[PDB]
Every structure is written in structure tokens, then in C-alpha cells.
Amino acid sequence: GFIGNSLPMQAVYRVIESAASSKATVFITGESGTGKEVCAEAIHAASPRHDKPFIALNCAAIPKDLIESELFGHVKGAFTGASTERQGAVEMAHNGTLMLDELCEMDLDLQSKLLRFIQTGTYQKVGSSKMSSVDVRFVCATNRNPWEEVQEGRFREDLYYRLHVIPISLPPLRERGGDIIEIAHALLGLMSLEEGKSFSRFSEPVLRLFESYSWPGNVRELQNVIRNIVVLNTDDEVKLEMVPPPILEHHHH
């Protein structure tokens, strides 16, 4: 799902092409909305395990105290809400690729257990002493500055240096050249399908604005802007009056 031929993204693609056949852990950083899960899936797709599962553990979408349960599973009655026995994400990912997305959300106690798991594939369901293991290739991602998280004592140093093997620093959208308008056009077609519309072009002022705007929310912000336009309007072309706040006003400062 990567779109873009820009110089810094072609450097990302070279990393992916050369590292994907390895089982080496890839560690992805970049600003919010830069495509870290798309990048992770592209590593999976380029790897020999492309036809096996690609599982993303989205830590910022799981209640913090339940990430362990979601990752490792749990036996019935392990804790107050453990109504059923649960299969962990690690079992879903066996023989495939496991993305630990936004893993700096994990609390220090979970990080201590993760340290075992990433070395051997060994884990226990919450509530149980029984050990199992799985075969997974890791990809990690965070929006945080990992070295700052380690310095402030929020992320384990031993864990970081065993995960941080092949780094990818995704470029922010504002540094991606022709990619902004390439992604915008692809989103215009996708959102047109989603809304039952037919947008395909941008006027010249919109092209200029989108190319120069700093996109502090990166590709998610661009997705939200295109969705806003296609939901609210019906045209073949995006016009400057359609661009939502605060794009124009922030660019003016």
C-alpha cells in the first residue's frame, strides 16, 4: 500500500527490499500518521512469509492494562473480566509477522515479559504458568522518540537494543515531494468509491496549497482532508473553497 516515488521513500523501499528476506527485527519510527503499519505490512509482503499471517498489535487501541491479555492470551478467570479463555495475538501470528505497533505504550511490567518473548518466542497466557512458543518475525513501531523514552525510564534499555536492529525512519509527508499529490489522487479515488462520488482532479490553487502545507498530521491528516472534501461536496475537481480549516489559515502564518 505504499504510494510514492520520492527520494526518501525510495530509500525506505531499498531497506524493505533488502531486509524483508531476513528475520531481523525492523524498528520503525516517524511522526504520527506517516504510514508505519503500511510499512510493516510491506516488509511482510516482501518476505518469504508473505502468505502467512500479518498481525498488528495496535497498543494505542488496546486498554493499557489489557495489552498483555491481547498479546499472550489468558485463561478463564485470570482476572476480573476474563470471562472466557482468550487466544493471544502471538498465536495468530505464528509462522508469520507480528507488528508491535506503538509499543512504547506498554507498561514496564509488560515490557519485562516482552523481553523474554522476543528472545525465544516463549510466552505464558495470563493466569497460567504453562509455557508455549511461536515462530514470529517482528516489526516494531512508535511515534515517540525511543531514546527519550529510555532516558526518562519509560522503556527498558535492554529491550530497546534487542529490537532496534534494522531501523526505518519514515520521512514526514512535507518532505516527500511529488508523493503528496500522488497519495492525494489515490485517496480521491478511494474516497469517491466509499462515498459514491467521482472526484479525480485538484485545481491549481489546491495543488499549490497541498504541496506547500506542512501536513503536521502526515498521511492521516491528508486522508481526513480528502474525506472531508468528498463527503461535503460533489464535483469532479477539488476547489480551493472546499479545503477545510485550518489548512489555509495555518499555512498563512
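Just count from 1 along the sequence shown to find any residue number.
Averaged over Cα atoms, the B-factor as recorded in the entry is higher for 147 to 155 than for the other of 147 to 155 and 102 to 110. In this entry, 81 to 89 shows the higher mean Cα temperature factor of the pair 81 to 89 and 165 to 173.
Among 51, 70, 37, 211, the highest C-alpha B-factor in the deposited entry belongs to 51. Annotation for residue 119: C-alpha temperature factor in the lowest third relative to the rest of the modelled chain, per the entry.
When the modelled residues of the chain are ordered by C-alpha B-factor, residue 41 sits in the lowest third. Per the deposited record, the Cα B-factor of residue 129 falls in the highest third when ranked against the other modelled residues of its chain. Per the PDB record, residue ranking by Cα B-factor puts residue 15 in the lowest third of the chain. Ranked against the other modelled residues of its chain, the C-alpha B-factor of residue 9 as given in the entry falls in the lowest third.
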